[PDB]
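Below: the structure, in structure tokens.
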Protein chains: 2
Amino acid sequence: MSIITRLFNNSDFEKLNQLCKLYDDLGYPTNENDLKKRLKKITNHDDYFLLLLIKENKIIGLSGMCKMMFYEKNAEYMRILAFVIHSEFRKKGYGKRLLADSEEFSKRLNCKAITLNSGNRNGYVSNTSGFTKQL
Amino acid sequence: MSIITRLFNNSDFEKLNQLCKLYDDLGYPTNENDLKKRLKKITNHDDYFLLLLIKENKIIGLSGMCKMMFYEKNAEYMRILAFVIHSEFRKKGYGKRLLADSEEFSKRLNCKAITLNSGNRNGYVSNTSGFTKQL
């Protein structure tokens, strides 16, 4: 109360304008039709977890995650794949809150670690560089 | 012929010493019992693809991958999670060959891109930094 985090649920297909607004802030604007299709696919996958930051019923942040297996040990970790706070809600600790809740959520799912990649243009260690090739 | 890449298959549970040797080169030595359990779990997941480099029946490299959905567009990409060439087979283009085959494999699965993180201690762009927190 009254800022909560909760997982995406099917009622959230009635809130696509709010989600579109966040994807725009993320730098990937879209439309409600395509977003509906995409989120339907993502949220029906057992390994993907879309965690939402809610303020007075409005979605004001999202943390899109996937739970992964290590190839090198028998354990699991979480990867944060998308993270955004609404452009009008910045510098008020919501980013900190949504990240902390993402970690807590991951820990409950027995993840040994949480990881993410961020662009170049709290206890997190940066010891890898990302390399991407378009195919 | 006679260097091939192929996916891991169940006959490869008879070659765990070869796989253990690669995990050691990877920096994560293990034993055959635990490795059997781990690879059983990983290879029974529809999204994970363990591609092997084979030379005269011997496993001399591995590329462990997972196929992922973008949160921000309706498409997929591949992540390379583990990549190693046998310590006695270095500087002979096997790394190049196994990477090229990983990309080709990914492209056939309709991946738009292939990505990986590498430590700090060919057409790939490096525009992200990795951040990891232990939980």
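Letters A, B, ... mark the chains of the structure tokens in the order given; residue numbers begin at 1 per chain; ligand numbers begin at 1, in order shown.
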Contact set, chain A to chain B: 9 Å, only C-alpha atoms, as a PyMOL selection string = chain A and resi 23+26-30+34-35+37-39+41-42+64-66+68-75+77+81-82+103-104+106-107+110-135
DSSP strand (DSSP E) residues within segment 44-130 of chain A, as a compact mmCIF listing (two decimals) with N, CA and C atoms, in the first residue's frame:
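Just written: states-v2.txt:
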# COMPACT_ATOMS: atom_id res chain seq x y z
N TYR A 48 9.02 -16.80 -18.25
CA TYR A 48 9.02 -15.34 -18.31
C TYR A 48 8.09 -14.74 -17.26
N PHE A 49 8.57 -13.67 -16.62
CA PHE A 49 7.85 -13.03 -15.50
C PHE A 49 7.85 -11.54 -15.73
N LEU A 50 6.68 -10.98 -15.98
CA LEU A 50 6.55 -9.56 -16.20
C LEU A 50 6.00 -8.92 -14.92
N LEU A 51 6.88 -8.25 -14.20
CA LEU A 51 6.49 -7.66 -12.93
C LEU A 51 6.17 -6.17 -13.14
N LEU A 52 5.02 -5.75 -12.61
CA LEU A 52 4.50 -4.39 -12.81
C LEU A 52 4.54 -3.56 -11.53
N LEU A 53 4.87 -2.28 -11.68
CA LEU A 53 4.81 -1.34 -10.58
C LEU A 53 3.50 -0.58 -10.73
N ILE A 54 2.68 -0.60 -9.68
CA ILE A 54 1.34 -0.03 -9.72
C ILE A 54 1.22 1.10 -8.68
N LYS A 55 0.68 2.24 -9.11
CA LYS A 55 0.39 3.37 -8.22
C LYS A 55 -1.05 3.80 -8.45
N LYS A 58 -2.74 2.51 -11.61
CA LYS A 58 -2.06 2.81 -12.86
C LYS A 58 -0.71 2.09 -12.90
N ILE A 59 -0.39 1.50 -14.05
CA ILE A 59 0.93 0.90 -14.26
C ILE A 59 1.99 1.97 -14.50
N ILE A 60 2.99 2.06 -13.63
CA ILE A 60 3.97 3.13 -13.78
C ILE A 60 5.40 2.64 -13.92
N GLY A 61 5.57 1.32 -14.03
CA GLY A 61 6.88 0.75 -14.28
C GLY A 61 6.68 -0.69 -14.61
N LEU A 62 7.66 -1.27 -15.28
CA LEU A 62 7.66 -2.69 -15.55
C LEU A 62 9.06 -3.24 -15.44
N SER A 63 9.14 -4.49 -14.99
CA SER A 63 10.38 -5.23 -15.00
C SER A 63 10.14 -6.58 -15.69
N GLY A 64 10.64 -6.73 -16.92
CA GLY A 64 10.44 -7.96 -17.66
C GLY A 64 11.61 -8.90 -17.47
N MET A 65 11.34 -10.10 -16.97
CA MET A 65 12.41 -11.01 -16.60
C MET A 65 12.26 -12.37 -17.28
N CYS A 66 13.32 -13.16 -17.25
CA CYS A 66 13.26 -14.56 -17.65
C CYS A 66 14.10 -15.35 -16.66
N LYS A 67 13.57 -16.48 -16.20
CA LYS A 67 14.36 -17.39 -15.34
C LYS A 67 15.17 -18.40 -16.14
N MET A 68 16.47 -18.47 -15.86
CA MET A 68 17.43 -19.21 -16.69
C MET A 68 18.15 -20.28 -15.89
N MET A 69 18.60 -21.33 -16.57
CA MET A 69 19.55 -22.33 -16.01
C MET A 69 21.00 -21.95 -16.35
N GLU A 76 19.86 -21.87 -10.87
CA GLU A 76 19.15 -20.95 -11.74
C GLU A 76 19.43 -19.52 -11.33
N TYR A 77 19.22 -18.60 -12.27
CA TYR A 77 19.33 -17.17 -12.00
C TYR A 77 18.25 -16.45 -12.80
N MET A 78 18.04 -15.17 -12.48
CA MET A 78 17.10 -14.34 -13.22
C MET A 78 17.83 -13.32 -14.07
N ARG A 79 17.31 -13.09 -15.28
CA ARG A 79 17.81 -12.01 -16.10
C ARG A 79 16.72 -10.95 -16.25
N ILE A 80 17.08 -9.70 -16.01
CA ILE A 80 16.17 -8.58 -16.26
C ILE A 80 16.40 -8.18 -17.72
N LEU A 81 15.33 -8.28 -18.52
CA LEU A 81 15.36 -8.06 -19.96
C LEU A 81 14.82 -6.70 -20.40
N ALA A 82 14.01 -6.08 -19.53
CA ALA A 82 13.36 -4.81 -19.82
C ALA A 82 13.01 -4.19 -18.49
N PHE A 83 13.36 -2.91 -18.34
CA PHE A 83 13.13 -2.23 -17.06
C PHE A 83 12.87 -0.75 -17.33
N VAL A 84 11.72 -0.25 -16.91
CA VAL A 84 11.40 1.12 -17.20
C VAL A 84 10.43 1.66 -16.15
N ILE A 85 10.67 2.90 -15.74
CA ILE A 85 9.73 3.68 -14.94
C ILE A 85 9.15 4.79 -15.82
N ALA A 113 21.17 -15.60 -8.29
CA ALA A 113 21.72 -14.34 -8.76
C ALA A 113 20.74 -13.70 -9.72
N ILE A 114 20.88 -12.40 -9.92
CA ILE A 114 20.06 -11.70 -10.88
C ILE A 114 21.02 -10.92 -11.75
N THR A 115 20.76 -10.88 -13.05
CA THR A 115 21.67 -10.19 -13.97
C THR A 115 20.91 -9.35 -15.00
N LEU A 116 21.63 -8.44 -15.64
CA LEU A 116 21.05 -7.57 -16.66
C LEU A 116 22.16 -6.96 -17.50
N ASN A 117 21.81 -6.55 -18.71
CA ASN A 117 22.72 -5.80 -19.53
C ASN A 117 22.14 -4.41 -19.67
N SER A 118 22.98 -3.38 -19.57
CA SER A 118 22.54 -2.01 -19.84
C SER A 118 23.39 -1.35 -20.92
N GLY A 119 22.80 -0.39 -21.63
CA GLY A 119 23.50 0.35 -22.69
C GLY A 119 24.58 1.30 -22.19
N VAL A 125 27.65 -6.16 -9.51
CA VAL A 125 29.02 -6.19 -10.01
C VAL A 125 29.00 -6.22 -11.54
N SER A 126 29.86 -5.42 -12.16
CA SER A 126 29.95 -5.40 -13.62
C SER A 126 31.23 -6.06 -14.11
N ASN A 127 31.16 -7.34 -14.44
CA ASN A 127 32.35 -8.06 -14.89
C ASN A 127 32.23 -8.71 -16.27
N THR A 128 31.15 -8.39 -16.99
CA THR A 128 31.01 -8.83 -18.37
C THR A 128 30.71 -7.69 -19.32
N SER A 129 31.14 -7.86 -20.57
CA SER A 129 30.72 -7.02 -21.68
C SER A 129 29.83 -7.82 -22.64
N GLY A 130 28.76 -7.19 -23.12
CA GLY A 130 27.86 -7.80 -24.10
C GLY A 130 28.30 -7.59 -25.54
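Here atom CA of residue 32 of chain B stands at a distance of 16.1 Å from atom CA of residue 9 of chain B.
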Which of segment 7-66 of chain A end up as helix (DSSP H, G or I) when DSSP is run on this backbone - answer as a short mmCIF file (atom, residue, chain, number, x, y, z; two decimals) with N, CA, C and O atoms, in the first residue's frame?
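This went into states.cif:
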data_model
loop_
_atom_site.label_atom_id
_atom_site.label_comp_id
_atom_site.auth_asym_id
_atom_site.auth_seq_id
_atom_site.Cartn_x
_atom_site.Cartn_y
_atom_site.Cartn_z
N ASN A 10 -4.31 -11.07 -16.69
CA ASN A 10 -5.12 -10.88 -17.89
C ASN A 10 -5.98 -9.59 -17.91
O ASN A 10 -6.33 -9.09 -18.98
N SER A 11 -6.33 -9.07 -16.74
CA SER A 11 -7.04 -7.79 -16.66
C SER A 11 -6.21 -6.67 -17.26
O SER A 11 -6.74 -5.64 -17.66
N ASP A 12 -4.90 -6.88 -17.30
CA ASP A 12 -3.97 -5.89 -17.82
C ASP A 12 -4.04 -5.73 -19.35
O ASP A 12 -3.48 -4.77 -19.91
N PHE A 13 -4.73 -6.64 -20.02
CA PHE A 13 -5.03 -6.42 -21.44
C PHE A 13 -6.03 -5.28 -21.66
O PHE A 13 -6.24 -4.86 -22.81
N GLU A 14 -6.65 -4.80 -20.58
CA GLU A 14 -7.51 -3.62 -20.63
C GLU A 14 -6.72 -2.34 -20.35
O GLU A 14 -7.28 -1.25 -20.37
N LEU A 16 -3.63 -1.58 -21.99
CA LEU A 16 -2.57 -1.55 -23.01
C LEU A 16 -2.04 -0.14 -23.33
O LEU A 16 -0.86 0.01 -23.67
N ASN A 17 -2.89 0.88 -23.20
CA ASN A 17 -2.39 2.24 -23.39
C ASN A 17 -1.31 2.61 -22.36
O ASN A 17 -0.32 3.28 -22.68
N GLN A 18 -1.49 2.13 -21.14
CA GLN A 18 -0.51 2.36 -20.07
C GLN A 18 0.80 1.62 -20.37
O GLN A 18 1.90 2.15 -20.19
N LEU A 19 0.67 0.38 -20.82
CA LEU A 19 1.83 -0.44 -21.21
C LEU A 19 2.52 0.12 -22.47
O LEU A 19 3.76 0.18 -22.52
N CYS A 20 1.74 0.56 -23.45
CA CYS A 20 2.30 1.22 -24.65
C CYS A 20 3.14 2.45 -24.26
O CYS A 20 4.24 2.66 -24.79
N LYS A 21 2.62 3.23 -23.31
CA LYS A 21 3.31 4.41 -22.81
C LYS A 21 4.66 4.05 -22.21
O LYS A 21 5.63 4.81 -22.38
N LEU A 22 4.74 2.90 -21.52
CA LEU A 22 6.01 2.48 -20.93
C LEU A 22 6.97 1.98 -21.99
O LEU A 22 8.17 2.23 -21.91
N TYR A 23 6.45 1.29 -22.99
CA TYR A 23 7.33 0.78 -24.04
C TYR A 23 7.91 1.95 -24.85
O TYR A 23 9.05 1.89 -25.27
N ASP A 24 7.14 3.02 -25.00
CA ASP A 24 7.61 4.25 -25.61
C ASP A 24 8.78 4.86 -24.79
O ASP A 24 9.82 5.18 -25.36
N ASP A 25 8.61 4.98 -23.47
CA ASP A 25 9.68 5.42 -22.57
C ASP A 25 10.90 4.52 -22.62
O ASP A 25 12.02 4.98 -22.40
N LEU A 26 10.67 3.24 -22.90
CA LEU A 26 11.72 2.26 -23.07
C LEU A 26 12.48 2.50 -24.37
O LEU A 26 13.60 2.04 -24.51
N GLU A 32 -1.47 -0.95 -29.64
CA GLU A 32 -2.12 -1.83 -28.69
C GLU A 32 -2.36 -3.21 -29.26
O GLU A 32 -2.35 -4.18 -28.52
N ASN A 33 -2.56 -3.29 -30.57
CA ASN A 33 -2.85 -4.57 -31.23
C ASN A 33 -1.64 -5.50 -31.22
O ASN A 33 -1.75 -6.66 -30.81
N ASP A 34 -0.49 -4.97 -31.65
CA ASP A 34 0.75 -5.73 -31.67
C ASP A 34 1.24 -6.06 -30.27
O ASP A 34 1.78 -7.16 -30.04
N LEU A 35 1.05 -5.12 -29.34
CA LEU A 35 1.47 -5.34 -27.96
C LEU A 35 0.66 -6.45 -27.30
O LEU A 35 1.20 -7.28 -26.58
N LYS A 36 -0.64 -6.45 -27.56
CA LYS A 36 -1.48 -7.50 -27.05
C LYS A 36 -0.96 -8.86 -27.49
O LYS A 36 -0.81 -9.75 -26.66
N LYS A 37 -0.70 -9.02 -28.78
CA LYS A 37 -0.14 -10.27 -29.30
C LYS A 37 1.19 -10.64 -28.65
O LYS A 37 1.39 -11.81 -28.26
N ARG A 38 2.10 -9.67 -28.53
CA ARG A 38 3.40 -9.94 -27.97
C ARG A 38 3.30 -10.39 -26.50
O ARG A 38 3.92 -11.39 -26.12
N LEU A 39 2.50 -9.67 -25.70
CA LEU A 39 2.42 -9.96 -24.27
C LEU A 39 1.67 -11.26 -24.01
O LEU A 39 1.95 -11.98 -23.06
N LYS A 40 0.72 -11.57 -24.88
CA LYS A 40 0.09 -12.87 -24.84
C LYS A 40 1.12 -14.01 -24.96
O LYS A 40 1.11 -14.94 -24.16
N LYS A 41 1.99 -13.92 -25.97
CA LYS A 41 3.05 -14.93 -26.17
C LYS A 41 4.01 -14.99 -24.96
O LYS A 41 4.27 -16.07 -24.41
N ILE A 42 4.54 -13.84 -24.54
CA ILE A 42 5.51 -13.77 -23.45
C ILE A 42 4.96 -14.28 -22.12
O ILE A 42 5.60 -15.10 -21.45
N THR A 43 3.76 -13.84 -21.74
CA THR A 43 3.17 -14.23 -20.45
C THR A 43 2.61 -15.65 -20.42
O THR A 43 2.30 -16.17 -19.36
#
What does the distance from atom CA of residue 44 of chain A to atom CA of residue 6 of chain A come to in Å, to one decimal?
-> 16.3 Å
